[PDB]
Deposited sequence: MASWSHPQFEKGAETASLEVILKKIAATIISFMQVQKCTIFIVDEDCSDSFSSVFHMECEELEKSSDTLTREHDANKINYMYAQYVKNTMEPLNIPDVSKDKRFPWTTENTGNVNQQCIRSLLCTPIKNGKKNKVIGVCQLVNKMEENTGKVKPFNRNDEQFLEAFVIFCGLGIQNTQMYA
């Protein structure tokens, strides 16, 4: 049914982004019931958000970069089951994990993930997702380092 429709939409966006070299794609599907509206609105984006002049410094100050510094700033996963209801900071569930380096020198990046979903609804990130993300950034860290030293 619509699960199949929601899968094509993903494919179409990823494909168009690949072939055209655009940052954003949105697929609007005319709602069959209300022709004025959209039954599905599938969105995707890819972007390098900083090509500036530390102007990048001041961008870190911003409220959506919060959790990133919090994790760079702890060396430890941050896990927020429902963000609307959360009381440590002034879009729903969020996992965010330090990308560390080769021989645990220090921290070289952060993975934020937003809205784990159900294979369904939006969901919290569990200890098992954490463990998976932790194993994932190991190779990432090692890939990121190669693209400079070489």
**Deposited residues without C-alpha coordinates, grouped into stretches that follow sequence order** = 1-13, 68-69, 106-118, 148-149, 181
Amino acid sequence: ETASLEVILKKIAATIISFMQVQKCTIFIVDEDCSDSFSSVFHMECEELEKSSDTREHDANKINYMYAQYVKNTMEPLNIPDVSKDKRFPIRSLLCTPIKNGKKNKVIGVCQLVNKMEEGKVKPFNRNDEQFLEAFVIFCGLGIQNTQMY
From here on, numbers count along this sequence of modelled residues.
**Message:** If you take the mean CA temperature factor per stretch, which one wins between 95-103 and 79-87?
**Reply:** 79-87
**Asked** Which has the higher mean CA temperature factor in the PDB entry, 9-17 or 122-130?
**Response** 122-130
**Request:** Would you mind finding, among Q112, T26, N115, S37, the residue with the largest C-alpha temperature factor in the entry?
**Result:** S37
**Entry-reported Cα temperature factor of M44, expressed as the chain third it lands in** = lowest
